Each structure stands twice: as C-alpha cells, then as structure tokens.
Amino acid sequence: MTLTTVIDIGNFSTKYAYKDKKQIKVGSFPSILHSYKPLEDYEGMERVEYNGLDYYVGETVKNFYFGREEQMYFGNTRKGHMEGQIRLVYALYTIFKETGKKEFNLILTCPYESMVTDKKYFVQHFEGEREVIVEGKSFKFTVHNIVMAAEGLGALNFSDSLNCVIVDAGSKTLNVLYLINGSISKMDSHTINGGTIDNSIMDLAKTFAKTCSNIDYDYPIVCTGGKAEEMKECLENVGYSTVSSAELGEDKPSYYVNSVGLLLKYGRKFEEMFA
Amino acid sequence: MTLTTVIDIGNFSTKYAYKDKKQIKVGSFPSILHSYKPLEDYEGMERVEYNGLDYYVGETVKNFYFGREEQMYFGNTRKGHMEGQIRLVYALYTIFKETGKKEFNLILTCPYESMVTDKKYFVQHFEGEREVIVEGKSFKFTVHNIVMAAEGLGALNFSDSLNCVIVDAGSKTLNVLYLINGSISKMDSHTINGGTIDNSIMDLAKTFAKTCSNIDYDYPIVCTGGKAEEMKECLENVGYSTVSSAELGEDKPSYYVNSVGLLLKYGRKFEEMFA
Amino acid sequence: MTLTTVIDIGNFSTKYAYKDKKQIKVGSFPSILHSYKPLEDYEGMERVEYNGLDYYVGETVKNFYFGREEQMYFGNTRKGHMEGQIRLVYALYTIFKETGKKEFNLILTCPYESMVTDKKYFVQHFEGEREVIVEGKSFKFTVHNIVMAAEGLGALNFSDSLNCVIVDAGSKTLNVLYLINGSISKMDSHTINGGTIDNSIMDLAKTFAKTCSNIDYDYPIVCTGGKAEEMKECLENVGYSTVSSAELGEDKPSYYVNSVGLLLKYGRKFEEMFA
Ligand SMILES: Nc1ncnc2c1ncn2[C@@H]1O[C@H](COP(=O)(O)OP(=O)(O)NP(=O)(O)O)[C@@H](O)[C@H]1O
Ligand SMILES: Nc1ncnc2c1ncn2[C@@H]1O[C@H](COP(=O)(O)OP(=O)(O)NP(=O)(O)O)[C@@H](O)[C@H]1O
Ligand SMILES: Nc1ncnc2c1ncn2[C@@H]1O[C@H](COP(=O)(O)OP(=O)(O)NP(=O)(O)O)[C@@H](O)[C@H]1O
C-alpha cells in the first residue's frame with residue numbers, strides 16, 4: 001500500500017500527485033460540493049457520506065448551484081475544514097479507485113500559518129483507520145502519519161535556487177512563501193485574502209505588493225497556481241524583474257504544480273518522513 | 001402626529017420601533033396572513049381591506065393554515081410586496097390603535113439590493129394619503145416621505161465600531177451588510193436565500209461562509225435576527241473569531257433588534273430626514 | 001498660476017511645500033488609499049478618478065482596511081507608481097482647493113536611483129494638460145516641466161555645510177544621500193529597504209551602518225523623515241558622533257522636512273528651472 005499521496009484540497013479544485021512509479025499523474029477534480037444525499041436518480045456527482053457529513057461532489061455540482069453563482073466556492077479557507085474534509089475524502093476515494101489501494105501516505109498542503117491548526121483538523125478527522133460510503137459503496141482505509149506542508153511550496157522545484165518568494169495565485173486564496181535557502185520564513189511569510197476569483201489579477205498583484213513591500217524588485221519571484229502565467233506577467237508590469245511562472249514540465253497547466261512539485265522535489269524526504 | 005415609525009415587515013413577523021418618547025416599545029405581530037374576508041363569526045385575525053387587497057392577519061391565521069404548514073410563510077422576499085403591503089398596513093393600524101394617531105413618519109427596511117425597488121413599491125402603494133378598512137372600521141392616514149433602509153442595519157448600534165459585517169438570520173432571508181465606517185458597501189453586500197426556517201443554522205452559516213469568503217475570520221461579525229445567538233455560536237464553530245450577537249438591551253429577544261436598533265442609533269437622523 | 005509645487009508622495013503620507021508667498025505651509029494628508037469608487041453614501045475619503053484609475057483617498061481609508069493592517073501601506077517604492085499617481089493627483093487637487101489655482105510648477109522627489117524612471121513615469125502620466133474627477137467634480141489642470149529631485153534632499157537646508165550624508169527614515173523606505181559640496185554622489189548614494197514601519201529604528205540604524213560602512217563615524221550625518229530624532233539618537237548609540245536631526249524651524253515635526261526644506265533651500269533655483 002504505502003502510496004505517497006500528496007493531495008491538494010484546492011478551493012477551486014483538488015488534485016493528487018499520482019507518482020505512479022514512473023510518472024506523476026494528477027488525480028484532480030472540481031472541489032465544488034453540495035450537501036444532502038437524497039436527490040433521486042441522479043448520476044454525475046457522487047454521494048459522499050463521511051464523519052456524519054453528507055455531500056455531493058463532482059462536475060455536475062455546478063448545475064446544482066445553477067443561478068447561485070457564488071456559493072459554488074468555499075474559498076479563503078485560512079485553514080482546512082469543513083467541506084475540505086469531503087474534498088479530501090473524495091480524493092482519497094478517487095485515487096483509491098485509480099490505484100485500487102487503501103492505506104495512504106497522506107501529505108497535505110495548506111496556508112502556512114494554518115498548518116498547525118490544519119494538522120489538528122485532519123489528524124482528528126483522518127489520522128488512522130477511517131471509512132467512507134460513496135454512492136452506497138463502503139470503503140475502509142487508513143492513514144498513519146499525515147504530513148502537512150505549505151500550500152504552493154512544491155513550486156520550489158522550478159524555483160531556481162530560490163532564496164526568496166513563491167506567489168500562489170489560487171481561487172480565493174493568495175499564498176506568499178518567503179522561502180530562504182530551503183525553508184519557510186515564518187516571521188515573514190503569510191497568506192492573503194482573497195484570490196483569483198473575487199478580483200483581478202492586477203488587484204491581487206497590487207495587493208501582494210502592498211503586503212510585501214519588503215520584497216526587493218529584483219527578488220526571484222516564482223508564481224504558481226491558477227493564473228500563474230498571467231500573474232507573473234502582471235507582476236512584471238507592476239515592476240518586479242526576476243519573476244517566473246512555475247511551468248510544470250509536461251502539459252500540466254499552472255494550477256497543477258503545488259502538490260505535483262512538492263512530490264517532485266521533496267518526494268524521498270517524505271518517503272522517509274511518513275515511513 | 002409625526003411619529004417616527006421604523007417598521008419591519010419581517011417575513012416571520014413584523015415589528016415597530018415604538019419610540020414612545022421615553023422608551024422604545026415594540027409593536028410586533030405574526031406576519032402570516034391569508035386572503036378572503038368572508039369567513040363568518042370569527043374573531044382572532046382581523047379583516048384587512050386595502051388597495052383592493054383582502055387578507056386576514058393575526059395569530060389565529062396559523063389555524064387557518066392548519067395542515068398547510070408551509071404556505072404559512074411568504075419568505076425570501078428579495079423585495080417588498082405583495083402581502084408585505086398588508087403587513088405594513090396592519091402594522092400601521094396596530095400602532096395607530098396604540099397611539100391613537102395618524103400621519104406616520106414611515107421608515108421601512110428591506111434587503112439592501114432591493115431598496116430602490118421597494119421604495120418604488122411602497123411609495124406607489126403608501127406614499128401620501130391612504131385609508132384602510134379593518135374589520136369594517138375605516139381609517140384614513142398618510143405618509144409624507146417614506147424612508148427606506150437596509151434590513152438589519154439597526155444592529156449597528158450594538159456593533160462596536162463596526163467597519164465590517166452584520167449577519168441577519170431571518171425567517172427565510174439572510175442579509176449580509178458589509179458596513180464600512182458607517183455606510184453600506186453596495187459592491188460587496190448582498191442578500192442570501194433562504195433563511196432560518198428552510199434549513200439549519202449550520203447550513204446558513206456554511207452558506208454565509210461560501211458567499212463571503214472575502215471576510216477575514218477576525219472581522220467583527222455581528223449577528224442579528226431570529227436565532228442570532230445560536231447563529232453567532234455556530235459561526236464561531238465555523239471558525240470566525242470576533243463574532244457577537246446584537247443583544248437588544250432590555251428583555252427584547254434577538255429578532256426584535258433590526259428596526260429598534262435602527263431607531264436607537266439613527267433616530268435623530270431620520271427626525272431630520274423625514275422632516 | 002505658476003505656483004511652485006514641491007510635493008512629496010511619501011508612502012506613509014504626502015505633503016506639499018505651500019510657499020504661500022510669506023510662509024511655507026504644508027499641504028499634507030495620509031497616502032493610504034483603496035480602489036473602487038462605488039461604495040455608497042460615504043464621505044471621509046474622496047473618490048478619485050484619473051488616468052482610468054479609481055481610488056479612494058483620505059483619513060477614513062484606515063477604516064476601509066480595518067483588520068487588513070498591512071495593505072494600508074504601499075511602501076518600498078523604489079520608483080513612483082502606481083498608486084503614487086493617485087497620491088500626486090489628490091495632492092494637486094488638495095492644493096488646488098487650497099489655492100483655487102491650476103497650472104502647477106511641479107517638483108517631485110523620489111529615491112535617487114529611480115529619478116530617471118520616475119521622470120519617465122510622471123512625465124507620461126502628468127506632464128502637460130490633465131484632468132481629474134474627484135467626488136464627481138471635474139478639474140482640469142496642467143504641468144509644464146516636472147522637476148525631479150532626490151527624496152530627502154531638502155534636509156540640506158539644515159545640514160550645516162554638509163559634505164556628507166543625509167539619512168531619510170521614512171515609512172518603509174530608507175534613503176541615503178551622500179551629498180558632497182552640494183551635489184549627489186550617484187556612485188555612492190543609494191536607497192535601502194525597508195523602513196520605519198517594518199522594523200525597529202535600531203534595525204534600520206544597523207542596516208544603514210552595514211550599507212554605509214564607508215562613512216566615517218565623524219561624518220556630519222543629518223537625519224530626516226519620520227522618526228528623525230529617534231533615529232539620530234539611535235545612530236549616536238550605534239557610534240556616530242556628529243549626527244543631527246533636521247529640525248524644521250517652526251512646529252513642523254520631522255517628517256515634514258523633505259519637500260519643505262527643498263523649497264526652502266533651492267526655491268529660486270527651481271523658479272529658474274521650471275520657468
Ligand atoms: N480542474 C481544472 N481545470 C481547469 N482549470 C483549473 C482547474 N482547477 C483549477 N483550474 C485553474 O486554476 C484556477 C484556480 O486555481 P486553484 O485551483 O484555486 O489553485 P489551488 O492552489 O489548487 N487552489 P487554492 O490555492 O486553494 O485557491 C482556476 O480559475 C482555473 O483557471
Ligand atoms: N413574534 C415572535 N415571537 C417569538 N419569536 C419570534 C417572533 N417573531 C420572530 N421570532 C423569532 O424570530 C425568528 C425569525 O426571525 P425573523 O422574524 O424572520 O426576523 P426578521 O428580520 O424580522 N424577518 P426576516 O428578516 O424578513 O426574515 C423566528 O423563528 C422566531 O424564533
Ligand atoms: N500625517 C502625519 N501625521 C503624523 N505623523 C506623520 C504623518 N505622516 C508621517 N508621519 C510620521 O512620519 C512617519 C513616516 O515618515 P514618512 O511620512 O514615511 O516619511 P516620508 O519621507 O514622507 N515617506 P517615505 O520616505 O516615502 O517613507 C510616520 O510613522 C509618522 O510618525
């Protein structure tokens with residue numbers, strides 16, 4: 001089993017760094033969800049029942065919110081929970097299906113300052129033996145050592161010799177990881193509201209600038225997540241020089257990086273960490 | 001006459017900030033109503049005839065809906081009308097009886113985004129000289145300057161230095177007033193369906209969170225209306241820190257605030273506004 | 001018109017050396033600003049619309065950032081723009097109101113090494129005929145010869161026979177002007193991040209020392225801006241002897257100097273320069 005599982009609970013969509021031995025695939029899906037099981041002859045989303053929680057998940061959910069073009073997202077989660085649980089669940093289910101396997105080596109990411117809280121969160125609700133019913137189909141599984149990490153951290157693998165900052169332009173969350181050498185400057189790094197959905201890239205860019213005026217314009221700024229490329233472009237227009245987007249090697253658009261990169265770079269570390 | 005009349009047309013129940021010189025009393029009653037005058041030897045509800053509209057109003061109405069435990073409420077009124085008219089009428093009648101007075105200084109509240117529409121609505125149907133027959137008893141009256149305001153706004157009087165959000169947990173309506181300094185952020189504030197009756201406080205709380213992910217968890221969130229206290233409690237469980245319920249000074253439970261608070265805080269303003 | 005306008009676009013706050021014939025007054029205000037016009041029945045900040053840019057400016061803005069106690073400042077601007085434009089605009093408007101006059105003799109200050117860039121910046125966006133709408137009120141105006149100068153340079157008027165260095169302890173910007181005789185040693189002078197807000201005076205002082213170890217301890221060091229006095233005091237504790245704060249004659253605290261001093265000393269020069 002084991003199975004390194006670096007999973008991103010992204011507020012827009014989730015994803016899974018599916019190492020798959022030879023090549024990392026991505027177990028992704030729309031993280032939009034909706035409560036209540038008992039709809040009727042449905043299909044599309046799937047009924048997820050876990051920890052006394054009852055949600056539909058899957059593409060069709062958008063139809064479930066038709067007209068309510070707002071509730072669709074549960075963003076600015078400076079922390080995991082509550083719907084995040086479901087996101088993780090369904091992911092685990094998804095990749096379970098993909099692998100046909102149980103016990104996961106769970107590695108989660110979140111806004112740096114929330115990591116402690118989130119560890120508490122998911123440990124309580126996922127650490128150890130757990131089981132879920134999806135669409136009437138049960139599923140037992142377990143995690144023994146949930147590893148938490150900083151959201152967007154994975155971009156470091158493309159961040160040439162970064163001793164500075166990663167900018168994570170996600171859904172409605174903006175992460176700033178001021179990495180130095182190869183660690184996280186807690187005392188400087190922070191997460192910013194909102195993100196891509198609620199306002200313009202330029203709005204974010206300017207917001208970022210305000211929040212991190214301590215950044216030298218010639219810092220190596222690496223932009224990841226969502227509109228990473230466009231964000232990078234705008235940041236240049238703001239006036240930052242050495243700014244780059246974390247191109248994810250293969251045809252795996254921007255927003256995929258996060259977890260994929262984290263696996264790609266740290267992998268072995270977590271093979272040791274979890275084990 | 002004059003008589004400042006801040007009246008709430010609440011979908012569950014209405015109420016009136018009865019300044020009464022020395023102390024604000026509340027002219028409240030169940031806003032459930034039913035059409036058709038000609039029942040027979042009745043009592044309890046009262047026959048209201050106004051603008052060619054024909055409705056019973058009053059506690060006993062519940063009996064009139066016995067078994068139809070749904071039609072009882074006319075909620076999610078993102079706007080005034082139509083039954084709302086009657087609600088207002090009977091209120092005016094009620095407080096008329098209470099004061100023995102006519103010309104009212106009408107101040108109405110409604111979902112912020114509907115205020116313009118509602119102004120049109122009530123101005124057409126109430127601005128100026130009007131008269132109503134209740135239980136066969138006529139009654140002439142008038143309003144000269146219907147003042148419209150945002151539903152739940154009144155909570156601001158308890159909202160210590162609020163530069164953020166009021167959450168109005170009503171019947172089947174949820175208002176979010178993102179106030180800043182002392183005004184309404186039109187471009188951010190909005191009203192949400194449904195409300196207290198149709199689903200759980202937690203459902204609302206989570207709905208709210210989805211709709212306002214742009215709210216920082218440390219925003220001053222002031223909860224008013226219906227299950228204000230319980231809502232506040234749940235919001236804390238959701239993960240909002242500085243959340244408080246708008247305790248209405250005296251023994252005047254939650255749902256009363258709205259209009260009462262509006263009078264309590266703005267009063268003088270409207271003494272100038274209406275006059 | 002003419003009107004010598006030495007204006008400081010300070011990241012904490014702006015100011016204007018209002019020569020006013022007989023005595024230089026200071027047209028100052030908080031340089032904190034926020035985008036989006038359409039709030040509603042507001043007052044306090046004013047809606048500034050210029051060059052397709054849309055910002056509120058004025059004291060109340062702090063309330064607009066309530067809780068976001070960071071975004072408030074857009075500092076470490078090793079260059080003008082973008083919000084700086086607005087700062088300048090509103091200043092011009094402000095002093096316009098103060099004088100009731102248009103065509104300005106614009107003199108701007110900025111981090112020495114950025115002066116060329118900034119000239120490009122403001123020339124493009126302000127040189128010649130321009131017009132702004134503030135709170136719905138239009139205003140046409142013009143500048144014919146924007147004069148750029150080094151931020152903090154004005155302190156020279158108090159800097160007795162300075163053949164050495166001015167230290168500008170501003171918001172989140174630290175300027176070091178190594179003046180010699182009466183000019184700027186480009187090859188030595190430079191600007192340092194961050195400034196007053198982001199860390200301690202001692203932190204800055206030590207930072208300064210590191211950046212300018214080539215300064216002899218007995219150099220005439222003149223400290224200006226923000227915590228000029230405290231900075232001077234700390235620098236003495238660091239071990240610099242002849243250090244002095246640029247006391248601005250009248251009751252015009254530290255941070256005012258910059259532009260005021262620049263006018264006070266160079267004035268005539270610019271009367272010739274601009275004309
Ligand atoms: N499944 C998907 N298909 C296509 N584009 C996607 C998909 N998921 C995310 N995106 C892009 O990514 C943008 C938002 O990035 P997002 O997925 O939020 O990043 P994230 O870091 O995974 N989430 P978060 O950081 O929590 O906001 C979306 O607006 C899309 O343009
Ligand atoms: N007359 C009343 N007596 C007791 N409780 C009441 C009464 N009216 C309202 N409530 C409480 O208030 C809850 C609903 O709040 P509500 O009256 O809808 O708030 P509102 O803002 O006045 N109405 P609305 O905003 O239009 O939904 C009810 O479920 C009750 O618990
Ligand atoms: N309007 C004001 N009222 C009171 N104190 C002020 C005001 N403006 C600035 N200060 C003081 O000046 C400090 C910051 O100096 P600052 O205004 O940044 O200098 P500056 O040179 O004009 N700006 P900059 O160089 O761009 O940082 C503040 O922390 C205050 O203590």
# chains A, B, ... in the order shown; residues from 1 in each chain; ligands from 1
$ residues_near_ligand --ligand "ligand 1" --cutoff "9 Å" --atoms "only C-alpha atoms and all ligand atoms" --output "number ranges by chain"
A: 8-15, 28-31, 75-77, 110-111, 151-152, 168-175, 195-197, 224-228, 253-259
$ write_last_selection --atoms "N, CA and C atoms" --output "short mmCIF file (atom, residue, chain, number, x, y, z; two decimals), in the first residue's frame"
data_model
loop_
_atom_site.label_atom_id
_atom_site.label_comp_id
_atom_site.auth_asym_id
_atom_site.auth_seq_id
_atom_site.Cartn_x
_atom_site.Cartn_y
_atom_site.Cartn_z
N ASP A 8 -3.78 18.05 -2.78
CA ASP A 8 -4.13 19.45 -2.65
C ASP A 8 -5.63 19.61 -2.55
N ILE A 9 -6.09 20.23 -1.48
CA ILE A 9 -7.52 20.41 -1.25
C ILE A 9 -8.07 21.70 -1.85
N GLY A 10 -7.37 22.22 -2.86
CA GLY A 10 -7.69 23.48 -3.54
C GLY A 10 -9.17 23.88 -3.53
N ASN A 11 -9.40 25.13 -3.17
CA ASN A 11 -10.74 25.67 -3.04
C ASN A 11 -11.47 25.74 -4.37
N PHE A 12 -10.72 25.83 -5.46
CA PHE A 12 -11.34 25.73 -6.77
C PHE A 12 -11.44 24.29 -7.18
N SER A 13 -10.35 23.57 -7.02
CA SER A 13 -10.32 22.16 -7.36
C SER A 13 -9.20 21.47 -6.64
N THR A 14 -9.34 20.18 -6.46
CA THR A 14 -8.35 19.40 -5.77
C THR A 14 -7.48 18.68 -6.75
N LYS A 15 -6.39 18.12 -6.26
CA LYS A 15 -5.53 17.33 -7.11
C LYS A 15 -4.61 16.42 -6.32
N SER A 28 -7.13 14.88 -10.19
CA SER A 28 -7.80 16.14 -9.91
C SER A 28 -9.29 16.09 -10.17
N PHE A 29 -10.01 17.02 -9.54
CA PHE A 29 -11.44 17.21 -9.79
C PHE A 29 -11.92 18.48 -9.10
N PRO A 30 -13.00 19.08 -9.60
CA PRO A 30 -13.69 20.25 -9.08
C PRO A 30 -14.02 20.08 -7.63
N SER A 31 -13.63 21.05 -6.82
CA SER A 31 -13.79 20.92 -5.38
C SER A 31 -15.09 21.54 -4.91
N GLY A 75 -14.02 29.43 -0.45
CA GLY A 75 -12.63 29.86 -0.56
C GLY A 75 -12.15 30.57 0.69
N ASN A 76 -10.99 31.22 0.57
CA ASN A 76 -10.35 31.93 1.69
C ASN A 76 -10.32 31.11 2.94
N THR A 77 -10.09 29.83 2.77
CA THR A 77 -10.02 28.94 3.88
C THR A 77 -8.66 29.03 4.47
N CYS A 110 -1.45 23.45 2.93
CA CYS A 110 -2.35 24.49 3.38
C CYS A 110 -1.57 25.77 3.64
N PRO A 111 -2.24 26.91 3.75
CA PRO A 111 -1.72 28.21 4.10
C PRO A 111 -0.81 28.07 5.29
N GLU A 151 1.12 25.34 1.41
CA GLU A 151 0.47 25.39 0.11
C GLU A 151 1.28 26.20 -0.87
N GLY A 152 1.60 25.59 -2.00
CA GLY A 152 2.39 26.25 -3.04
C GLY A 152 3.87 25.91 -2.93
N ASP A 168 1.38 32.32 -4.74
CA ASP A 168 0.38 31.32 -5.11
C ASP A 168 -0.98 31.94 -5.41
N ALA A 169 -1.26 32.14 -6.69
CA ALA A 169 -2.49 32.79 -7.11
C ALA A 169 -3.63 31.80 -7.27
N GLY A 170 -4.26 31.44 -6.16
CA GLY A 170 -5.33 30.43 -6.20
C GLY A 170 -6.74 31.03 -6.06
N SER A 171 -7.75 30.24 -6.45
CA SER A 171 -9.18 30.51 -6.24
C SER A 171 -9.40 31.82 -5.56
N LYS A 172 -9.74 31.75 -4.29
CA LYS A 172 -9.85 32.93 -3.48
C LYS A 172 -8.84 32.87 -2.34
N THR A 173 -7.61 32.47 -2.66
CA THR A 173 -6.53 32.48 -1.68
C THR A 173 -5.20 32.82 -2.32
N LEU A 174 -4.47 33.73 -1.69
CA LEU A 174 -3.16 34.11 -2.18
C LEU A 174 -2.08 33.78 -1.16
N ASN A 175 -1.22 32.82 -1.47
CA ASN A 175 -0.15 32.47 -0.53
C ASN A 175 1.16 33.13 -0.90
N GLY A 195 -8.44 36.15 -3.64
CA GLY A 195 -7.68 35.47 -4.67
C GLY A 195 -8.25 35.69 -6.07
N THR A 196 -7.96 34.75 -6.94
CA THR A 196 -8.23 34.87 -8.37
C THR A 196 -9.67 35.18 -8.68
N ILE A 197 -10.59 34.53 -7.99
CA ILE A 197 -11.98 34.61 -8.37
C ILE A 197 -12.61 35.94 -8.03
N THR A 224 2.93 30.64 -8.97
CA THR A 224 2.29 29.36 -9.18
C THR A 224 0.81 29.43 -8.91
N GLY A 225 0.09 28.45 -9.40
CA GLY A 225 -1.34 28.34 -9.14
C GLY A 225 -2.15 29.11 -10.17
N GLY A 226 -3.33 28.58 -10.48
CA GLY A 226 -4.31 29.27 -11.31
C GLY A 226 -3.67 30.04 -12.43
N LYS A 227 -3.87 31.35 -12.42
CA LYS A 227 -3.35 32.22 -13.46
C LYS A 227 -1.91 32.60 -13.20
N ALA A 228 -1.07 31.59 -13.06
CA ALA A 228 0.31 31.81 -12.68
C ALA A 228 1.02 32.64 -13.71
N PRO A 253 -1.01 22.26 -16.86
CA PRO A 253 -1.21 23.69 -16.71
C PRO A 253 -1.06 24.17 -15.27
N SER A 254 -0.29 25.25 -15.14
CA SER A 254 -0.15 26.05 -13.93
C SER A 254 -0.69 25.40 -12.70
N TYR A 255 -1.98 25.57 -12.48
CA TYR A 255 -2.63 25.21 -11.22
C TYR A 255 -2.28 23.82 -10.71
N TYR A 256 -1.80 22.95 -11.57
CA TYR A 256 -1.44 21.63 -11.16
C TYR A 256 -0.23 21.57 -10.23
N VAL A 257 0.71 22.51 -10.39
CA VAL A 257 2.02 22.39 -9.74
C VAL A 257 1.91 22.00 -8.28
N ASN A 258 1.71 22.98 -7.40
CA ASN A 258 1.57 22.76 -5.97
C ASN A 258 2.03 21.38 -5.53
N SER A 259 1.07 20.47 -5.43
CA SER A 259 1.32 19.14 -4.92
C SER A 259 2.28 18.35 -5.78
#
$ select_by_dssp --residues "range 107-247 of chain A" --states "helix (DSSP H, G or I)" --output "ChimeraX atom specification"
/A:112-126,153-157,201-211,228-238
$ write_last_selection --atoms "C-alpha atoms" --output "mmCIF file, in the first residue's frame"
data_model
loop_
_atom_site.group_PDB
_atom_site.id
_atom_site.type_symbol
_atom_site.label_atom_id
_atom_site.label_comp_id
_atom_site.auth_asym_id
_atom_site.auth_seq_id
_atom_site.Cartn_x
_atom_site.Cartn_y
_atom_site.Cartn_z
ATOM 1 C CA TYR A 112 1.464 28.184 6.096
ATOM 2 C CA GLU A 113 0.163 29.918 9.183
ATOM 3 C CA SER A 114 -2.707 27.457 9.466
ATOM 4 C CA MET A 115 -0.567 24.333 9.245
ATOM 5 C CA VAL A 116 -0.696 23.610 12.948
ATOM 6 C CA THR A 117 -4.445 24.054 13.076
ATOM 7 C CA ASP A 118 -4.846 22.007 9.972
ATOM 8 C CA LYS A 119 -2.732 19.256 11.354
ATOM 9 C CA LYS A 120 -5.093 19.169 14.297
ATOM 10 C CA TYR A 121 -8.034 19.282 11.931
ATOM 11 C CA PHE A 122 -7.171 16.475 9.642
ATOM 12 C CA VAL A 123 -5.457 14.364 12.215
ATOM 13 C CA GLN A 124 -8.614 14.339 14.223
ATOM 14 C CA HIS A 125 -10.760 13.596 11.232
ATOM 15 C CA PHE A 126 -8.471 11.382 9.158
ATOM 16 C CA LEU A 153 5.669 25.012 -1.560
ATOM 17 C CA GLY A 154 6.079 22.493 -4.356
ATOM 18 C CA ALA A 155 6.841 25.286 -6.843
ATOM 19 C CA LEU A 156 10.314 25.339 -5.317
ATOM 20 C CA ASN A 157 11.322 22.548 -7.704
ATOM 21 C CA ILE A 201 -5.015 39.668 -11.260
ATOM 22 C CA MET A 202 -3.869 43.249 -11.124
ATOM 23 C CA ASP A 203 -5.810 43.744 -7.930
ATOM 24 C CA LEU A 204 -4.027 40.791 -6.455
ATOM 25 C CA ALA A 205 -0.716 41.921 -7.786
ATOM 26 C CA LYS A 206 -1.084 45.299 -6.199
ATOM 27 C CA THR A 207 -2.386 43.712 -3.028
ATOM 28 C CA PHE A 208 0.645 41.489 -2.964
ATOM 29 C CA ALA A 209 2.933 44.433 -3.429
ATOM 30 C CA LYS A 210 1.338 46.227 -0.526
ATOM 31 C CA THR A 211 1.636 43.180 1.683
ATOM 32 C CA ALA A 228 0.308 31.809 -12.682
ATOM 33 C CA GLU A 229 1.495 32.982 -16.046
ATOM 34 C CA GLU A 230 -0.771 35.971 -16.244
ATOM 35 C CA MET A 231 0.056 36.848 -12.692
ATOM 36 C CA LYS A 232 3.732 36.723 -13.466
ATOM 37 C CA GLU A 233 3.114 38.919 -16.460
ATOM 38 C CA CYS A 234 1.223 41.443 -14.376
ATOM 39 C CA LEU A 235 3.855 41.439 -11.674
ATOM 40 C CA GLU A 236 6.384 42.413 -14.279
ATOM 41 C CA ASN A 237 4.092 45.244 -15.216
ATOM 42 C CA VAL A 238 3.914 46.142 -11.550
#
$ interface_residues --of "chain B" --to "chain C" --cutoff "10 Å" --atoms "only C-alpha atoms" --output "NGL selection string"
:B and (161-164 or 179-189 or 216-220)
$ write_last_selection --atoms "N, CA and C atoms" --output "mmCIF file, in the first residue's frame"
data_model
loop_
_atom_site.group_PDB
_atom_site.id
_atom_site.type_symbol
_atom_site.label_atom_id
_atom_site.label_comp_id
_atom_site.auth_asym_id
_atom_site.auth_seq_id
_atom_site.Cartn_x
_atom_site.Cartn_y
_atom_site.Cartn_z
ATOM 1 N N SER B 161 -17.993 49.880 16.841
ATOM 2 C CA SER B 161 -17.059 50.436 15.860
ATOM 3 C C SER B 161 -16.967 49.594 14.603
ATOM 4 N N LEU B 162 -18.081 49.017 14.207
ATOM 5 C CA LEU B 162 -18.087 48.103 13.096
ATOM 6 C C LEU B 162 -17.608 48.759 11.826
ATOM 7 N N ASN B 163 -16.559 48.199 11.257
ATOM 8 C CA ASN B 163 -16.179 48.516 9.901
ATOM 9 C C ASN B 163 -16.322 47.292 9.035
ATOM 10 N N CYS B 164 -17.129 46.339 9.495
ATOM 11 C CA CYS B 164 -17.358 45.116 8.755
ATOM 12 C C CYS B 164 -18.840 44.704 8.698
ATOM 13 N N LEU B 179 -20.838 46.722 6.252
ATOM 14 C CA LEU B 179 -20.749 48.127 6.536
ATOM 15 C C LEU B 179 -19.319 48.528 6.710
ATOM 16 N N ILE B 180 -18.970 49.701 6.238
ATOM 17 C CA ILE B 180 -17.628 50.198 6.461
ATOM 18 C C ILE B 180 -17.688 51.601 6.966
ATOM 19 N N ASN B 181 -17.022 51.850 8.082
ATOM 20 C CA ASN B 181 -17.039 53.146 8.747
ATOM 21 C C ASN B 181 -18.419 53.466 9.304
ATOM 22 N N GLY B 182 -19.387 53.635 8.418
ATOM 23 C CA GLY B 182 -20.770 53.812 8.810
ATOM 24 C C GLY B 182 -21.670 53.859 7.588
ATOM 25 N N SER B 183 -21.279 53.150 6.538
ATOM 26 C CA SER B 183 -22.080 53.100 5.329
ATOM 27 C C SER B 183 -22.126 51.701 4.780
ATOM 28 N N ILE B 184 -22.848 51.530 3.687
ATOM 29 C CA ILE B 184 -23.088 50.208 3.138
ATOM 30 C C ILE B 184 -22.272 49.971 1.894
ATOM 31 N N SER B 185 -21.442 48.939 1.912
ATOM 32 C CA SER B 185 -20.669 48.621 0.730
ATOM 33 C C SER B 185 -21.515 47.900 -0.281
ATOM 34 N N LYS B 186 -22.235 48.663 -1.085
ATOM 35 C CA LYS B 186 -23.099 48.113 -2.118
ATOM 36 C C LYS B 186 -22.416 47.057 -2.946
ATOM 37 N N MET B 187 -21.187 47.331 -3.330
ATOM 38 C CA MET B 187 -20.461 46.469 -4.233
ATOM 39 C C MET B 187 -20.034 45.152 -3.586
ATOM 40 N N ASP B 188 -20.186 45.038 -2.270
ATOM 41 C CA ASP B 188 -19.843 43.802 -1.586
ATOM 42 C C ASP B 188 -21.043 43.150 -0.906
ATOM 43 N N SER B 189 -21.892 43.969 -0.294
ATOM 44 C CA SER B 189 -23.021 43.478 0.488
ATOM 45 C C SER B 189 -24.062 42.838 -0.392
ATOM 46 N N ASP B 216 -12.478 38.223 6.440
ATOM 47 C CA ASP B 216 -11.430 37.716 7.300
ATOM 48 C C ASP B 216 -12.031 37.133 8.553
ATOM 49 N N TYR B 217 -11.485 36.024 9.019
ATOM 50 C CA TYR B 217 -12.032 35.351 10.189
ATOM 51 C C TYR B 217 -12.023 36.240 11.428
ATOM 52 N N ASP B 218 -11.170 37.252 11.433
ATOM 53 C CA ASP B 218 -11.100 38.152 12.555
ATOM 54 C C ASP B 218 -11.925 39.405 12.357
ATOM 55 N N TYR B 219 -12.716 39.461 11.296
ATOM 56 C CA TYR B 219 -13.654 40.557 11.162
ATOM 57 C C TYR B 219 -14.595 40.547 12.325
ATOM 58 N N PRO B 220 -15.057 41.706 12.752
ATOM 59 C CA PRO B 220 -16.142 41.933 13.661
ATOM 60 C C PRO B 220 -17.439 41.572 12.984
#
$ select_by_dssp --residues "range 30-153 of chain C" --states "strand (DSSP E or B)" --output "PyMOL selection string"
chain C and resi 30+33-35+46-50+53-57+104-110+128-131+133-134+137+140-143+147-150
$ closest_residue --among "B:275, B:248, B:262, B:215" --to "residue 78 in chain A" --atoms "only C-alpha atoms"
B:215
$ residues_around --residues "residue 23 in chain B" --least-positions-apart "4" --cutoff "12 Å" --atoms "only C-alpha atoms" --output "list in words"
residues 17, 18, 19, 249, 250, 260, 263 and 264 of chain B
$ residues_around --residues "residue 137 in chain C" --least-positions-apart "5" --cutoff "12 Å" --atoms "only C-alpha atoms" --output "MDAnalysis selection string"
chainID C and resid 46:50 93 97 131:132
$ atom_distance --atom1 "CA of residue 102 in chain A" --atom2 "CA of residue 133 in chain A"
14.0 Å
